[PDB]
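The data block below is structure-v5.pdb; it holds PDB, C-alpha atoms.
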```pdb
ATOM      1  CA  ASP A  55      22.472-160.338-118.066
ATOM      2  CA  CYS A  56      21.234-163.892-118.605
ATOM      3  CA  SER A  57      18.919-164.222-115.582
ATOM      4  CA  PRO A  58      15.404-164.948-116.966
ATOM      5  CA  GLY A  59      13.361-162.907-114.463
ATOM      6  CA  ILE A  60      15.023-159.531-115.160
ATOM      7  CA  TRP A  61      13.293-156.739-117.077
ATOM      8  CA  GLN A  62      14.159-153.106-117.818
ATOM      9  CA  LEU A  63      11.342-150.514-117.906
ATOM     10  CA  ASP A  64      11.662-146.943-119.235
ATOM     11  CA  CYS A  65       9.580-144.212-120.890
ATOM     12  CA  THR A  66      10.528-142.407-124.098
ATOM     13  CA  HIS A  67       8.833-139.347-125.596
ATOM     14  CA  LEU A  68       7.569-139.078-129.172
ATOM     15  CA  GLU A  69       5.134-136.655-130.846
ATOM     16  CA  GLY A  70       4.097-135.254-127.449
ATOM     17  CA  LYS A  71       3.140-138.756-126.271
ATOM     18  CA  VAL A  72       4.790-141.245-123.936
ATOM     19  CA  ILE A  73       5.943-144.727-124.914
ATOM     20  CA  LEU A  74       6.424-147.148-122.027
ATOM     21  CA  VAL A  75       8.973-149.773-123.101
ATOM     22  CA  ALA A  76       9.763-153.032-121.295
ATOM     23  CA  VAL A  77      12.818-155.082-122.328
ATOM     24  CA  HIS A  78      13.539-158.662-121.279
ATOM     25  CA  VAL A  79      17.267-158.214-120.709
ATOM     26  CA  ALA A  80      18.326-161.805-121.452
ATOM     27  CA  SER A  81      16.498-162.091-124.803
ATOM     28  CA  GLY A  82      16.035-158.533-126.113
ATOM     29  CA  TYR A  83      12.267-159.097-126.374
ATOM     30  CA  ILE A  84      10.164-155.928-126.026
ATOM     31  CA  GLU A  85       6.616-154.951-125.078
ATOM     32  CA  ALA A  86       5.395-151.370-125.418
ATOM     33  CA  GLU A  87       2.336-149.198-124.744
ATOM     34  CA  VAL A  88       1.608-145.597-125.704
ATOM     35  CA  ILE A  89       0.292-143.646-122.691
ATOM     36  CA  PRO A  90      -0.951-140.002-122.361
ATOM     37  CA  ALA A  91       1.586-139.068-119.664
ATOM     38  CA  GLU A  92       4.134-140.590-117.277
ATOM     39  CA  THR A  93       2.231-141.467-114.095
ATOM     40  CA  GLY A  94       2.673-144.004-111.302
ATOM     41  CA  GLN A  95      -0.795-145.355-112.121
ATOM     42  CA  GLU A  96       0.174-146.113-115.735
ATOM     43  CA  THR A  97       3.478-147.723-114.665
ATOM     44  CA  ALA A  98       1.686-149.872-112.060
ATOM     45  CA  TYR A  99      -0.914-151.049-114.586
ATOM     46  CA  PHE A 100       1.809-151.918-117.100
ATOM     47  CA  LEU A 101       3.783-153.874-114.489
ATOM     48  CA  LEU A 102       0.720-155.873-113.427
ATOM     49  CA  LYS A 103       0.020-156.790-117.063
ATOM     50  CA  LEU A 104       3.613-157.842-117.669
ATOM     51  CA  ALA A 105       3.768-159.947-114.496
ATOM     52  CA  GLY A 106       0.616-161.876-115.495
ATOM     53  CA  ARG A 107       2.253-162.881-118.780
ATOM     54  CA  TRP A 108       5.906-163.544-117.834
ATOM     55  CA  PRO A 109       7.679-164.711-114.615
ATOM     56  CA  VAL A 110       8.844-161.224-113.578
ATOM     57  CA  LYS A 111      11.237-161.341-110.622
ATOM     58  CA  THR A 112      13.074-158.010-110.813
ATOM     59  CA  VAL A 113      12.685-154.755-112.730
ATOM     60  CA  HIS A 114      15.360-152.132-113.415
ATOM     61  CA  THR A 115      14.884-148.610-114.797
ATOM     62  CA  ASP A 116      17.211-145.808-115.883
ATOM     63  CA  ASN A 117      15.136-143.330-113.823
ATOM     64  CA  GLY A 118      14.706-144.526-110.256
ATOM     65  CA  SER A 119      12.163-141.832-109.329
ATOM     66  CA  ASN A 120       9.828-143.706-111.730
ATOM     67  CA  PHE A 121       9.223-146.336-109.043
ATOM     68  CA  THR A 122       8.760-144.257-105.869
ATOM     69  CA  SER A 123       4.951-143.927-105.890
ATOM     70  CA  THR A 124       2.615-145.809-103.553
ATOM     71  CA  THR A 125       0.740-147.165-106.571
ATOM     72  CA  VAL A 126       3.863-148.655-108.171
ATOM     73  CA  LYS A 127       5.099-150.146-104.896
ATOM     74  CA  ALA A 128       1.642-151.658-104.312
ATOM     75  CA  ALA A 129       1.680-153.317-107.761
ATOM     76  CA  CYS A 130       5.209-154.674-107.151
ATOM     77  CA  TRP A 131       4.131-155.910-103.717
ATOM     78  CA  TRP A 132       1.065-157.747-105.021
ATOM     79  CA  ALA A 133       2.821-159.328-108.009
ATOM     80  CA  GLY A 134       5.918-160.320-106.001
ATOM     81  CA  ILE A 135       8.269-158.061-107.992
ATOM     82  CA  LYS A 136      11.468-156.639-106.488
ATOM     83  CA  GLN A 137      13.533-153.725-107.743
ATOM     84  CA  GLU A 138      16.755-154.819-109.478
ATOM     85  CA  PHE A 139      19.793-153.205-107.821
ATOM     86  CA  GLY A 140      22.302-155.605-109.428
ATOM     87  CA  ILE A 141      22.698-153.657-112.700
ATOM     88  CA  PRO A 142      24.981-150.576-112.232
ATOM     89  CA  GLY A 149      24.929-151.626-122.622
ATOM     90  CA  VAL A 150      22.530-153.330-125.050
ATOM     91  CA  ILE A 151      19.489-151.682-123.406
ATOM     92  CA  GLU A 152      20.108-148.193-124.818
ATOM     93  CA  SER A 153      20.532-150.080-128.109
ATOM     94  CA  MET A 154      16.897-151.257-128.009
ATOM     95  CA  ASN A 155      15.274-147.872-127.303
ATOM     96  CA  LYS A 156      17.123-146.053-130.120
ATOM     97  CA  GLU A 157      16.692-148.894-132.628
ATOM     98  CA  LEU A 158      13.000-149.031-131.641
ATOM     99  CA  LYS A 159      12.745-145.326-132.498
ATOM    100  CA  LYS A 160      14.424-146.006-135.848
ATOM    101  CA  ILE A 161      11.930-148.747-136.727
ATOM    102  CA  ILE A 162       9.044-146.529-135.583
ATOM    103  CA  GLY A 163      10.355-143.843-137.958
ATOM    104  CA  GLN A 164      10.516-146.363-140.811
ATOM    105  CA  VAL A 165       6.899-147.551-140.502
ATOM    106  CA  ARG A 166       5.403-144.265-139.255
ATOM    107  CA  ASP A 167       3.779-143.336-142.592
ATOM    108  CA  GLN A 168       2.209-146.786-143.114
ATOM    109  CA  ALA A 169       0.298-146.336-139.839
ATOM    110  CA  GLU A 170      -2.279-143.618-139.148
ATOM    111  CA  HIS A 171      -1.830-143.334-135.370
ATOM    112  CA  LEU A 172       1.472-143.354-133.471
ATOM    113  CA  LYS A 173       0.110-146.207-131.306
ATOM    114  CA  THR A 174      -0.148-148.482-134.349
ATOM    115  CA  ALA A 175       3.348-147.594-135.605
ATOM    116  CA  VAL A 176       4.757-148.470-132.172
ATOM    117  CA  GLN A 177       3.185-151.942-132.172
ATOM    118  CA  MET A 178       4.272-152.469-135.788
ATOM    119  CA  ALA A 179       7.806-151.623-134.634
ATOM    120  CA  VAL A 180       7.551-154.011-131.664
ATOM    121  CA  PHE A 181       6.435-156.798-134.017
ATOM    122  CA  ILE A 182       9.327-156.129-136.427
ATOM    123  CA  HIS A 183      11.844-155.992-133.576
ATOM    124  CA  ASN A 184      10.669-159.226-131.915
ATOM    125  CA  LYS A 185      10.318-161.259-135.142
ATOM    126  CA  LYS A 186      13.672-160.289-136.700
ATOM    127  CA  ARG A 187      16.180-163.163-136.925
ATOM    128  CA  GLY A 193      20.111-167.065-135.550
ATOM    129  CA  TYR A 194      16.855-166.691-133.609
ATOM    130  CA  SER A 195      14.534-163.755-133.006
ATOM    131  CA  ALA A 196      13.966-162.047-129.653
ATOM    132  CA  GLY A 197      10.470-163.579-129.642
ATOM    133  CA  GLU A 198      11.920-167.075-130.079
ATOM    134  CA  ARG A 199      14.649-166.467-127.484
ATOM    135  CA  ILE A 200      12.384-165.299-124.653
ATOM    136  CA  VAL A 201      10.097-168.330-125.008
ATOM    137  CA  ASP A 202      13.074-170.722-125.069
ATOM    138  CA  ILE A 203      14.708-169.106-122.019
ATOM    139  CA  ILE A 204      11.490-169.160-119.971
ATOM    140  CA  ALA A 205      10.637-172.716-121.096
ATOM    141  CA  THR A 206      14.106-174.025-120.219
ATOM    142  CA  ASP A 207      14.049-172.309-116.818
ATOM    143  CA  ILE A 208      12.268-174.428-114.188
TER     144      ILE A 208
ATOM    145  CA  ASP B  55      -7.337-177.795-130.178
ATOM    146  CA  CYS B  56      -3.595-178.376-129.841
ATOM    147  CA  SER B  57      -2.358-176.264-132.777
ATOM    148  CA  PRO B  58      -0.025-173.588-131.297
ATOM    149  CA  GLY B  59      -0.989-170.662-133.557
ATOM    150  CA  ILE B  60      -4.717-170.626-132.693
ATOM    151  CA  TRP B  61      -6.301-167.945-130.507
ATOM    152  CA  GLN B  62      -9.885-167.091-129.546
ATOM    153  CA  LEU B  63     -10.865-163.411-129.151
ATOM    154  CA  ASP B  64     -14.115-162.143-127.585
ATOM    155  CA  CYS B  65     -15.493-159.162-125.651
ATOM    156  CA  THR B  66     -17.391-159.398-122.366
ATOM    157  CA  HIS B  67     -19.246-156.595-120.581
ATOM    158  CA  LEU B  68     -18.742-155.609-116.943
ATOM    159  CA  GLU B  69     -19.681-152.458-114.995
ATOM    160  CA  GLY B  70     -20.587-150.651-118.236
ATOM    161  CA  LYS B  71     -17.096-151.335-119.619
ATOM    162  CA  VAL B  72     -15.761-153.775-122.196
ATOM    163  CA  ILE B  73     -13.174-156.469-121.520
ATOM    164  CA  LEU B  74     -11.381-157.804-124.591
ATOM    165  CA  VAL B  75     -10.196-161.345-123.819
ATOM    166  CA  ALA B  76      -7.758-163.417-125.886
ATOM    167  CA  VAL B  77      -7.319-167.137-125.135
ATOM    168  CA  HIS B  78      -4.532-169.350-126.468
ATOM    169  CA  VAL B  79      -6.684-172.401-127.166
ATOM    170  CA  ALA B  80      -3.967-175.046-126.729
ATOM    171  CA  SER B  81      -2.720-173.801-123.330
ATOM    172  CA  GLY B  82      -5.596-171.845-121.750
ATOM    173  CA  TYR B  83      -3.336-168.790-121.367
ATOM    174  CA  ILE B  84      -5.177-165.444-121.397
ATOM    175  CA  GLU B  85      -4.435-161.788-122.117
ATOM    176  CA  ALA B  86      -7.021-159.082-121.470
ATOM    177  CA  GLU B  87      -7.551-155.327-121.853
ATOM    178  CA  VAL B  88     -10.357-153.092-120.607
ATOM    179  CA  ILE B  89     -11.603-150.813-123.412
ATOM    180  CA  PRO B  90     -14.263-148.011-123.427
ATOM    181  CA  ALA B  91     -16.384-149.631-126.158
ATOM    182  CA  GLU B  92     -16.325-152.416-128.756
ATOM    183  CA  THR B  93     -14.803-150.909-131.907
ATOM    184  CA  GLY B  94     -12.885-152.269-134.891
ATOM    185  CA  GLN B  95     -10.044-149.883-134.021
ATOM    186  CA  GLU B  96      -9.667-151.348-130.516
ATOM    187  CA  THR B  97      -9.823-154.936-131.841
ATOM    188  CA  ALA B  98      -7.203-154.155-134.513
ATOM    189  CA  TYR B  99      -4.845-152.578-131.967
ATOM    190  CA  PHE B 100      -5.232-155.567-129.642
ATOM    191  CA  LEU B 101      -4.532-158.028-132.469
ATOM    192  CA  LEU B 102      -1.386-156.163-133.538
ATOM    193  CA  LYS B 103      -0.093-156.227-129.950
ATOM    194  CA  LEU B 104      -0.804-159.934-129.577
ATOM    195  CA  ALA B 105       0.848-160.814-132.897
ATOM    196  CA  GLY B 106       4.062-158.986-131.903
ATOM    197  CA  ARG B 107       4.333-161.132-128.772
ATOM    198  CA  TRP B 108       3.182-164.601-129.920
ATOM    199  CA  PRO B 109       3.251-166.477-133.288
ATOM    200  CA  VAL B 110      -0.419-165.827-134.123
ATOM    201  CA  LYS B 111      -1.555-167.786-137.181
ATOM    202  CA  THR B 112      -5.346-167.889-136.831
ATOM    203  CA  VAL B 113      -7.962-166.182-134.671
ATOM    204  CA  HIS B 114     -11.495-167.389-133.916
ATOM    205  CA  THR B 115     -14.329-165.444-132.266
ATOM    206  CA  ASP B 116     -17.841-166.288-131.085
ATOM    207  CA  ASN B 117     -19.159-163.164-132.870
ATOM    208  CA  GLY B 118     -18.056-163.079-136.492
ATOM    209  CA  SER B 119     -19.298-159.522-137.113
ATOM    210  CA  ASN B 120     -16.452-158.492-134.753
ATOM    211  CA  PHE B 121     -13.961-158.976-137.592
ATOM    212  CA  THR B 122     -15.723-157.382-140.587
ATOM    213  CA  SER B 123     -14.246-153.861-140.377
ATOM    214  CA  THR B 124     -11.597-152.495-142.739
ATOM    215  CA  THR B 125      -9.396-151.677-139.747
ATOM    216  CA  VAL B 126      -9.459-155.241-138.395
ATOM    217  CA  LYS B 127      -8.856-156.787-141.818
ATOM    218  CA  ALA B 128      -5.939-154.384-142.359
ATOM    219  CA  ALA B 129      -4.339-155.429-139.043
ATOM    220  CA  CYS B 130      -4.804-159.132-139.900
ATOM    221  CA  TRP B 131      -3.359-158.503-143.364
ATOM    222  CA  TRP B 132      -0.253-156.730-142.064
ATOM    223  CA  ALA B 133       0.459-159.226-139.275
ATOM    224  CA  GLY B 134      -0.188-162.280-141.482
ATOM    225  CA  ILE B 135      -3.192-163.460-139.438
ATOM    226  CA  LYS B 136      -6.001-165.527-140.973
ATOM    227  CA  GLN B 137      -9.483-166.101-139.604
ATOM    228  CA  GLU B 138      -9.936-169.579-138.092
ATOM    229  CA  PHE B 139     -12.846-171.405-139.760
ATOM    230  CA  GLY B 140     -11.819-174.845-138.439
ATOM    231  CA  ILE B 141     -13.584-174.531-135.056
ATOM    232  CA  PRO B 142     -17.390-175.098-135.401
ATOM    233  CA  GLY B 149     -15.986-176.280-125.120
ATOM    234  CA  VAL B 150     -13.261-175.116-122.719
ATOM    235  CA  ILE B 151     -13.377-171.549-124.108
ATOM    236  CA  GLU B 152     -16.690-170.590-122.478
ATOM    237  CA  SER B 153     -15.075-172.071-119.352
ATOM    238  CA  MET B 154     -12.350-169.389-119.378
ATOM    239  CA  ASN B 155     -14.621-166.344-119.769
ATOM    240  CA  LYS B 156     -16.967-167.342-116.912
ATOM    241  CA  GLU B 157     -14.145-168.450-114.597
ATOM    242  CA  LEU B 158     -12.352-165.177-115.430
ATOM    243  CA  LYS B 159     -15.474-163.304-114.300
ATOM    244  CA  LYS B 160     -15.507-165.343-111.083
ATOM    245  CA  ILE B 161     -11.886-164.464-110.295
ATOM    246  CA  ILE B 162     -12.557-160.807-111.151
ATOM    247  CA  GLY B 163     -15.439-160.898-108.650
ATOM    248  CA  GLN B 164     -13.161-162.406-105.993
ATOM    249  CA  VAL B 165     -10.444-159.732-106.230
ATOM    250  CA  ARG B 166     -12.711-156.805-107.173
ATOM    251  CA  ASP B 167     -12.633-155.180-103.710
ATOM    252  CA  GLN B 168      -8.830-155.417-103.369
ATOM    253  CA  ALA B 169      -8.483-153.286-106.517
ATOM    254  CA  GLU B 170      -9.720-149.704-106.900
ATOM    255  CA  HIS B 171     -10.344-149.699-110.664
ATOM    256  CA  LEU B 172     -11.941-152.494-112.701
ATOM    257  CA  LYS B 173      -8.879-152.449-115.004
ATOM    258  CA  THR B 174      -6.615-153.487-112.123
ATOM    259  CA  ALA B 175      -8.970-156.260-110.959
ATOM    260  CA  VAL B 176      -8.997-157.664-114.504
ATOM    261  CA  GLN B 177      -5.196-157.874-114.684
ATOM    262  CA  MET B 178      -5.078-159.337-111.166
ATOM    263  CA  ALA B 179      -7.518-161.991-112.408
ATOM    264  CA  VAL B 180      -5.415-162.653-115.528
ATOM    265  CA  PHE B 181      -2.330-163.119-113.334
ATOM    266  CA  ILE B 182      -4.160-165.541-111.010
ATOM    267  CA  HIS B 183      -5.574-167.501-113.950
ATOM    268  CA  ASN B 184      -2.240-167.832-115.786
ATOM    269  CA  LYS B 185      -0.138-168.690-112.701
ATOM    270  CA  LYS B 186      -2.486-171.322-111.224
ATOM    271  CA  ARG B 187      -1.099-174.881-111.314
ATOM    272  CA  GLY B 193       0.468-180.058-113.134
ATOM    273  CA  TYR B 194       1.565-176.866-114.900
ATOM    274  CA  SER B 195       0.019-173.417-115.191
ATOM    275  CA  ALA B 196      -1.373-171.888-118.385
ATOM    276  CA  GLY B 197       1.605-169.499-118.354
ATOM    277  CA  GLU B 198       4.043-172.425-118.232
ATOM    278  CA  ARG B 199       2.126-174.373-120.893
ATOM    279  CA  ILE B 200       2.021-171.629-123.531
ATOM    280  CA  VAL B 201       5.780-171.028-123.296
ATOM    281  CA  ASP B 202       6.516-174.768-123.535
ATOM    282  CA  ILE B 203       4.196-175.250-126.529
ATOM    283  CA  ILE B 204       5.649-172.282-128.435
ATOM    284  CA  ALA B 205       9.239-173.247-127.531
ATOM    285  CA  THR B 206       8.748-176.856-128.649
ATOM    286  CA  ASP B 207       7.110-175.771-131.913
ATOM    287  CA  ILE B 208       9.697-174.984-134.608
TER     288      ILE B 208
END
```
File written out as structure tokens:
Amino acid sequence: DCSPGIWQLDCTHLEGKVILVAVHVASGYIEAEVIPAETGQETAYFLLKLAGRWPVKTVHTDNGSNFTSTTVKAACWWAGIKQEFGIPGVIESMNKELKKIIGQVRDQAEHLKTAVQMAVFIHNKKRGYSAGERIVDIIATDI
Amino acid sequence: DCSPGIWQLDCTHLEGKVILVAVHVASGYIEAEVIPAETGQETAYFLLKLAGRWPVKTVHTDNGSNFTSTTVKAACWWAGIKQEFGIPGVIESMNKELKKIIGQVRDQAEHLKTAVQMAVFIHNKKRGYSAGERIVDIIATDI
């Protein structure tokens, strides 16, 4: 996509922990958190944080059951987020490449949490612009 | 200030919990997390997350002992962050106004964590531009 309000949100599993990964579809920019387990409460909290930072209009996920809880729907309601039903390619590219980077830095960090954020940093800063540069430009332009 | 790489980071206490608050000085944009207690490990983690999202050059704090730990210095080292020694006004305005907003929404949220992120959202979206709009514009412009 190119629409600036669209995000993808998914969980991946690593070392018995859960990594919640948000991707800004238009730029490739990522934010991540390591959580104990997949719960509606954790997803809701993450969504509220994201919406306070970026103009989040719609969110897509590869696992629709992720968004069925009361708690998630309440967070979407309050923040004015809708579910994206307009995406039936480069999003599976982010989550596998993110896991590669995590693997690369894993030894230089003590805790998995740190390695994840190191990987996010590397991903977003890599340039011919970076994902970090692209998201800011897209959101700035859009008014 | 107006320099786009400068952030202020401080902890405030509420309901026996700790709120870590980052302010982008030039825009007034805020990010926050609720943590169990003030530790170097939590500060380091927060800094790494922030640096992966924004071009963080320097960080100031009202409590310098906050940044003395090995773990914090290692996070600053890896992310290429320096301590800001160039600030000897509107930053104490954010942390007290943030507490006001938190108080306003506190009953509409179950957990303090949620109320904090609700307050962050309100603060950043309030317009004549919002803090959220200003940070993106400043970072976009700056190249």
Using every C-alpha atom paired in order, could you least-squares fit chain B onto chain A and give me the moved chain as an mmCIF file with C-alpha atoms, in the frame of the given file?
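Written output follows (part_5.cif):
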```cif
data_model
loop_
_atom_site.group_PDB
_atom_site.id
_atom_site.type_symbol
_atom_site.label_atom_id
_atom_site.label_comp_id
_atom_site.auth_asym_id
_atom_site.auth_seq_id
_atom_site.Cartn_x
_atom_site.Cartn_y
_atom_site.Cartn_z
ATOM 1 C CA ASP B 55 22.472 -160.338 -118.066
ATOM 2 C CA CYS B 56 21.234 -163.892 -118.605
ATOM 3 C CA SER B 57 18.919 -164.223 -115.582
ATOM 4 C CA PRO B 58 15.404 -164.947 -116.966
ATOM 5 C CA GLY B 59 13.361 -162.908 -114.463
ATOM 6 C CA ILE B 60 15.023 -159.532 -115.160
ATOM 7 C CA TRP B 61 13.292 -156.739 -117.078
ATOM 8 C CA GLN B 62 14.160 -153.106 -117.819
ATOM 9 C CA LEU B 63 11.342 -150.515 -117.907
ATOM 10 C CA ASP B 64 11.662 -146.943 -119.235
ATOM 11 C CA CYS B 65 9.581 -144.212 -120.890
ATOM 12 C CA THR B 66 10.529 -142.407 -124.098
ATOM 13 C CA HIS B 67 8.833 -139.346 -125.595
ATOM 14 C CA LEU B 68 7.569 -139.078 -129.172
ATOM 15 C CA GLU B 69 5.134 -136.655 -130.847
ATOM 16 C CA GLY B 70 4.096 -135.253 -127.449
ATOM 17 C CA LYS B 71 3.140 -138.755 -126.271
ATOM 18 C CA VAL B 72 4.790 -141.245 -123.935
ATOM 19 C CA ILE B 73 5.943 -144.727 -124.914
ATOM 20 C CA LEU B 74 6.424 -147.148 -122.027
ATOM 21 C CA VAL B 75 8.973 -149.773 -123.101
ATOM 22 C CA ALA B 76 9.763 -153.032 -121.295
ATOM 23 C CA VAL B 77 12.818 -155.081 -122.329
ATOM 24 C CA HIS B 78 13.539 -158.662 -121.280
ATOM 25 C CA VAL B 79 17.267 -158.214 -120.709
ATOM 26 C CA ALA B 80 18.326 -161.805 -121.452
ATOM 27 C CA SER B 81 16.499 -162.091 -124.804
ATOM 28 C CA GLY B 82 16.035 -158.533 -126.114
ATOM 29 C CA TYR B 83 12.267 -159.097 -126.375
ATOM 30 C CA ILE B 84 10.163 -155.928 -126.025
ATOM 31 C CA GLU B 85 6.616 -154.951 -125.078
ATOM 32 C CA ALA B 86 5.395 -151.370 -125.417
ATOM 33 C CA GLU B 87 2.336 -149.198 -124.744
ATOM 34 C CA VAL B 88 1.608 -145.597 -125.704
ATOM 35 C CA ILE B 89 0.292 -143.645 -122.692
ATOM 36 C CA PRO B 90 -0.951 -140.002 -122.361
ATOM 37 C CA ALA B 91 1.586 -139.068 -119.664
ATOM 38 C CA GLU B 92 4.134 -140.590 -117.277
ATOM 39 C CA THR B 93 2.231 -141.467 -114.095
ATOM 40 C CA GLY B 94 2.673 -144.004 -111.302
ATOM 41 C CA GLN B 95 -0.795 -145.355 -112.121
ATOM 42 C CA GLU B 96 0.174 -146.113 -115.735
ATOM 43 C CA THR B 97 3.478 -147.723 -114.665
ATOM 44 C CA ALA B 98 1.686 -149.872 -112.060
ATOM 45 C CA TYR B 99 -0.914 -151.049 -114.586
ATOM 46 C CA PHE B 100 1.809 -151.918 -117.100
ATOM 47 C CA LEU B 101 3.784 -153.874 -114.489
ATOM 48 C CA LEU B 102 0.719 -155.873 -113.427
ATOM 49 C CA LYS B 103 0.020 -156.790 -117.063
ATOM 50 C CA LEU B 104 3.613 -157.843 -117.669
ATOM 51 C CA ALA B 105 3.768 -159.947 -114.495
ATOM 52 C CA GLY B 106 0.616 -161.877 -115.494
ATOM 53 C CA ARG B 107 2.253 -162.881 -118.780
ATOM 54 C CA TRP B 108 5.905 -163.544 -117.834
ATOM 55 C CA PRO B 109 7.679 -164.711 -114.615
ATOM 56 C CA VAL B 110 8.844 -161.224 -113.578
ATOM 57 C CA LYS B 111 11.237 -161.341 -110.621
ATOM 58 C CA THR B 112 13.073 -158.010 -110.813
ATOM 59 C CA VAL B 113 12.685 -154.755 -112.730
ATOM 60 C CA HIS B 114 15.360 -152.132 -113.416
ATOM 61 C CA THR B 115 14.884 -148.610 -114.798
ATOM 62 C CA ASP B 116 17.210 -145.808 -115.883
ATOM 63 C CA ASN B 117 15.136 -143.330 -113.823
ATOM 64 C CA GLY B 118 14.706 -144.526 -110.256
ATOM 65 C CA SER B 119 12.163 -141.833 -109.329
ATOM 66 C CA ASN B 120 9.828 -143.707 -111.730
ATOM 67 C CA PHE B 121 9.223 -146.336 -109.044
ATOM 68 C CA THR B 122 8.761 -144.257 -105.869
ATOM 69 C CA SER B 123 4.951 -143.926 -105.890
ATOM 70 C CA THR B 124 2.615 -145.809 -103.553
ATOM 71 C CA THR B 125 0.740 -147.165 -106.572
ATOM 72 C CA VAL B 126 3.863 -148.655 -108.171
ATOM 73 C CA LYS B 127 5.099 -150.146 -104.897
ATOM 74 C CA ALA B 128 1.642 -151.657 -104.312
ATOM 75 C CA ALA B 129 1.680 -153.317 -107.761
ATOM 76 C CA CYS B 130 5.208 -154.674 -107.152
ATOM 77 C CA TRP B 131 4.131 -155.910 -103.717
ATOM 78 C CA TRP B 132 1.064 -157.747 -105.021
ATOM 79 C CA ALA B 133 2.821 -159.328 -108.009
ATOM 80 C CA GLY B 134 5.918 -160.321 -106.001
ATOM 81 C CA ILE B 135 8.268 -158.061 -107.992
ATOM 82 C CA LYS B 136 11.468 -156.639 -106.488
ATOM 83 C CA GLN B 137 13.533 -153.725 -107.743
ATOM 84 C CA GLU B 138 16.754 -154.819 -109.479
ATOM 85 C CA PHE B 139 19.793 -153.206 -107.821
ATOM 86 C CA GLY B 140 22.302 -155.605 -109.428
ATOM 87 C CA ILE B 141 22.697 -153.657 -112.700
ATOM 88 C CA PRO B 142 24.981 -150.576 -112.232
ATOM 89 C CA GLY B 149 24.929 -151.627 -122.623
ATOM 90 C CA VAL B 150 22.530 -153.329 -125.050
ATOM 91 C CA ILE B 151 19.489 -151.682 -123.405
ATOM 92 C CA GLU B 152 20.108 -148.193 -124.818
ATOM 93 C CA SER B 153 20.533 -150.080 -128.109
ATOM 94 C CA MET B 154 16.896 -151.257 -128.009
ATOM 95 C CA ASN B 155 15.274 -147.872 -127.303
ATOM 96 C CA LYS B 156 17.123 -146.053 -130.120
ATOM 97 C CA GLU B 157 16.692 -148.894 -132.628
ATOM 98 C CA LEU B 158 13.000 -149.031 -131.641
ATOM 99 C CA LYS B 159 12.744 -145.325 -132.498
ATOM 100 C CA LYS B 160 14.424 -146.006 -135.848
ATOM 101 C CA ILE B 161 11.931 -148.747 -136.728
ATOM 102 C CA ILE B 162 9.044 -146.530 -135.584
ATOM 103 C CA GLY B 163 10.355 -143.843 -137.958
ATOM 104 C CA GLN B 164 10.516 -146.363 -140.812
ATOM 105 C CA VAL B 165 6.899 -147.551 -140.502
ATOM 106 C CA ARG B 166 5.403 -144.264 -139.255
ATOM 107 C CA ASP B 167 3.780 -143.337 -142.593
ATOM 108 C CA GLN B 168 2.208 -146.786 -143.114
ATOM 109 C CA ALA B 169 0.299 -146.336 -139.840
ATOM 110 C CA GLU B 170 -2.279 -143.618 -139.148
ATOM 111 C CA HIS B 171 -1.830 -143.333 -135.370
ATOM 112 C CA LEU B 172 1.472 -143.355 -133.471
ATOM 113 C CA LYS B 173 0.110 -146.207 -131.305
ATOM 114 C CA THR B 174 -0.148 -148.482 -134.349
ATOM 115 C CA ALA B 175 3.348 -147.593 -135.605
ATOM 116 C CA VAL B 176 4.756 -148.470 -132.172
ATOM 117 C CA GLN B 177 3.185 -151.942 -132.172
ATOM 118 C CA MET B 178 4.272 -152.469 -135.788
ATOM 119 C CA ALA B 179 7.806 -151.623 -134.634
ATOM 120 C CA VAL B 180 7.551 -154.011 -131.664
ATOM 121 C CA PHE B 181 6.435 -156.798 -134.017
ATOM 122 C CA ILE B 182 9.327 -156.129 -136.427
ATOM 123 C CA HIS B 183 11.844 -155.992 -133.576
ATOM 124 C CA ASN B 184 10.669 -159.225 -131.915
ATOM 125 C CA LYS B 185 10.318 -161.259 -135.142
ATOM 126 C CA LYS B 186 13.672 -160.289 -136.700
ATOM 127 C CA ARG B 187 16.180 -163.163 -136.925
ATOM 128 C CA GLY B 193 20.111 -167.065 -135.550
ATOM 129 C CA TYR B 194 16.855 -166.691 -133.609
ATOM 130 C CA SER B 195 14.534 -163.755 -133.005
ATOM 131 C CA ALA B 196 13.967 -162.047 -129.653
ATOM 132 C CA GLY B 197 10.469 -163.578 -129.642
ATOM 133 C CA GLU B 198 11.920 -167.075 -130.078
ATOM 134 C CA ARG B 199 14.649 -166.467 -127.483
ATOM 135 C CA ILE B 200 12.385 -165.299 -124.653
ATOM 136 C CA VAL B 201 10.097 -168.330 -125.008
ATOM 137 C CA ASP B 202 13.074 -170.722 -125.069
ATOM 138 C CA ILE B 203 14.708 -169.106 -122.019
ATOM 139 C CA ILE B 204 11.490 -169.160 -119.971
ATOM 140 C CA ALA B 205 10.637 -172.715 -121.096
ATOM 141 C CA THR B 206 14.106 -174.024 -120.219
ATOM 142 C CA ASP B 207 14.049 -172.309 -116.818
ATOM 143 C CA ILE B 208 12.268 -174.428 -114.188
#
```
Subject >> Output of the PyMOL selection byres ((chain B) within 7 of (chain A)), listed as a ChimeraX atom specification >> reply: /B:99,102-103,105-107,174,177,180-181,184,197,201-202,204-205
What are the centre and the three edge lengths of an axis-aligned box that wraps all atoms of range 112-131 of chain A in the file, given that 3 Å is added to every side, written as JSON and rounded to one decimal in Å?
```
{"center_x": 9.0, "center_y": -149.9, "center_z": -109.7, "size_x": 22.5, "size_y": 22.2, "size_z": 18.3}
```
**OP:** Go through the shown structure with the PyMOL selection byres ((chain A and resi 155) around 10) and write out the matching residues as a PyMOL selection string.
**Re:** chain A and resi 64-66+75-77+84+150-154+156-160
Original post:
For residue 136 in chain A, which of A:91, A:172, A:113, A:80 is the closest residue, counting only C-alpha atoms?
Top reply: A:113
Original post:
the PyMOL selection byres ((chain A and resi 120) around 9) on the file shown: which residues, as a PyMOL selection string?
Top reply: chain A and resi 64+92-94+97+115-119+121-123+126
